[PDB]
Amino acid sequence: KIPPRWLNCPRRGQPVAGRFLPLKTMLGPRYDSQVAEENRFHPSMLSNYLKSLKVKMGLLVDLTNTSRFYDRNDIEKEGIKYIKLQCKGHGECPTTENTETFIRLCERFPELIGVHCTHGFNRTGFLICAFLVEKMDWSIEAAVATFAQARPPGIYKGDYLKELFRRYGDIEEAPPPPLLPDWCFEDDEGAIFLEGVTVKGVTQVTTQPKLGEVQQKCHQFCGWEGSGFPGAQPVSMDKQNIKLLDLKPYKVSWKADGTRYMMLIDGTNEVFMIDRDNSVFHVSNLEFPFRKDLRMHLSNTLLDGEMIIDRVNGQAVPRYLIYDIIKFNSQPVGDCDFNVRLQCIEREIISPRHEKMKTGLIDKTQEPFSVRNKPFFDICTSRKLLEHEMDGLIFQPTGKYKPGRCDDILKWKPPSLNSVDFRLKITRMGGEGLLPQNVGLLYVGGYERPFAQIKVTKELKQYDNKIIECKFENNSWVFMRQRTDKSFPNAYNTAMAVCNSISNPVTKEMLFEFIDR
Ligand SMILES: *O[C@H]1[C@@H](O)[C@H](n2cnc3c(=O)[nH]c(N)nc32)O[C@@H]1COP(=O)(O)OP(=O)(O)OP(=O)(O)O
């Protein structure tokens, strides 16, 4: 497999001290099936560039401790000396012995000296700076700064910088590691608030100070240990799920197809929406008055629900259904009974707003969207629900609120409407071999390899590296609609849950006859 974070890494930086050309590792043609043409870095590319500039490379120093990336003969056949310099492993910075070896080698060799590790930043910069200080009489400050400016923030491991300053300067003056650019983490695993409608007063929060704060407060309100969206995740009903409806009290509601959003009400104009991607949106003119003091405003409140699109003919009106509440005025309402929290919603959220809605002090035609609560019923009447618009049903246990995956919150969906959000990675291939049968692939969060594949189409290349919602039918994933509001695909566990559902489904009649008797 190609190394991580390599596709987005620049191939080369600017020459350092007029002598050293820092590089990421080349990848030979053996990796062409994993690397698109625009991202390829064969050794021939480096030699051809140098030839185009009438520049010779005297020596190439390989710091990767491996021969699996490319063929050294591709370098040596061009008259470039190749040396594989083994460096200390276990993540430690190069030893004094490694630096002496590097200096002894390089002082033998106007022509450039190429230096590369897997990515071309930490080992490469460490050795280059060591040479600059020991042999060219640079200050370590100047060496580190110059390498940072040549290959962007050249050394980003803090212990590397600390050791460089310990060897060549004052360790107490070692700089902290630089903040990393966004491209570093694009391969580790949405700007549109609501898809299809444009919504006033709602503007995404990218301000670095307040973004982390809103996310942090939501984490702490939910008791969420990991990173990411803290809200409860329902799982698709299968023939082994439905038996849970007999084992404890449950409430049902129709599921409109909508966009999950927690709403944090932290102050006066502090109203924020959070989607599954952890993206934050600031809402301006939504007012949440305190029940007891109608002049005062709510703080430390956390909600949960969907944003749905209602159609009042000729125009589509946004609506935000509140279908749970996590915290209220710092009171852990989420630990109370689901009926207690439904009443908390109704009596402490909808009612104080609806008092000032008949006083003229609150104008609903000023507000960004309509705020309602989702009705819940007993399963008994769910049967009648099977006898605004809903694409399925949701079954809520009456227990306390739980973040993360909830095996006991059941989404039932008619089997033909099951869908999964994939990250589309299109990889044009030869396939048959005479006719180039190109085939795109699909990805899920938390799984490194592809979850499955898809057939490449001309209409499909349109959304590439994007997110696509796919229905399953005819033993193939089928594109149905692009998803503009997700920067992230479904989790591997969510995708496997959907597959478990489709291969062991619950038909409408079966759910009907389970509920009835
Ligand atoms: O053949 C591999 C592999 O068998 C062996 N290896 C790596 N990790 C372990 C381990 O935790 N336990 C055992 N028993 N064996 C292990 O190492 C061989 C390859 O060595 P590498 O050079 O690839 O080690 P690497 O440089 O990748 O480590 P690092 O520099 O990324 O930290």
Which condition breaks for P289 when tested against (1) crowded, with 19+ Cβ neighbours inside 10 Å; (2) under 30 Å from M510 (Cβ atoms)?
-> (2)
Matching residues in segment 192-228 - criterion: being surrounded by 17 or more Cβ atoms within 10 Å (Cβ to Cβ) and within 26 Å of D310 (Cα to Cα) | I192, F193, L194, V202, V205
Filter result (of a type in the set (G, A, S), over 25 Å from the mean Cα position of the chain (by Cα) and crowded, with 22+ Cβ neighbours inside 10 Å) within segment 247-283 | none
Taking segment 136-177 as the search range and keeping residues that are under 21 Å from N98 (Cα atoms) and β-branched (V, I, T), which one is surrounded by the most Cβ atoms within 10 Å (Cβ to Cβ)?
-> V144
Condition test on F69, is it away from the ligand (no atom under 14 Å from the Cβ), within 29 Å of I426 (Cβ to Cβ) and in a loop (DSSP other than H, G, I, E, B)?
-> no
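Matching residues to (1) on the phi > 0 side of the Ramachandran plot; (2) in a loop (DSSP other than H, G, I, E, B); (3) among the acidic types (D, E):
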site	(1), (2), (3)
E172	no, no, yes
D187	no, yes, yes
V197	no, yes, no
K210	no, no, no
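A quick yes/no check of all residues on (1) away from the ligand (no atom under 16 Å from the Cβ); (2) closer than 30 Å to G440 by Cβ; (3) assigned to a strand (DSSP E or B):
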| residue | (1), (2), (3) |
| --- | --- |
| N65 | no, no, no |
| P94 | no, no, no |
| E97 | yes, no, no |
| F109 | yes, no, no |
| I113 | yes, no, yes |
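Residue by residue, here is whether (1) more than 22 Å from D277 (Cα to Cα); (2) in contact with a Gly (Cβ under 8 Å, 6 or more places away or on another chain); (3) surrounded by 16 or more Cβ atoms within 10 Å (Cβ to Cβ) holds:
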{"residue": "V456", "(1), (2), (3)": "yes, yes, yes"}
{"residue": "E459", "(1), (2), (3)": "yes, no, no"}
{"residue": "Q462", "(1), (2), (3)": "yes, no, no"}
{"residue": "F472", "(1), (2), (3)": "yes, no, yes"}
{"residue": "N475", "(1), (2), (3)": "yes, no, no"}
{"residue": "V478", "(1), (2), (3)": "yes, no, no"}
{"residue": "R481", "(1), (2), (3)": "no, no, no"}
{"residue": "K486", "(1), (2), (3)": "no, yes, yes"}
Considering only segment 295-411, give the strands (runs of 3 or more DSSP E) lying wholly within it that have at least 3 residues that are buried (at least 20 other Cβ atoms within 10 Å of the Cβ).
-> 301-312, 315-327, 390-397
Taking into account only those residues within segment 489-517 that are in contact with a strand residue (DSSP E or B) (Cβ under 6 Å, 6 or more places away or on another chain) and part of a loop (DSSP other than H, G, I, E, B), which is surrounded by the fewest Cβ atoms within 10 Å (Cβ to Cβ)?
-> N490
Going by the structure shown, is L180 out of contact with any helix residue (DSSP H, G or I) (no Cβ under 6 Å at 6 or more places or on another chain), of a type in the set (A, V, I, L, M) and either exposed (fewer than 13 other Cβ atoms within 10 Å of the Cβ) or farther than 29 Å from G446 by Cβ (or both)?
-> yes
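Cβ atoms come from the backbone with ideal geometry, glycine included; neighbour counts cover every protein chain shown. FYI, it's all coordinate maths here, none of it is from the lab.
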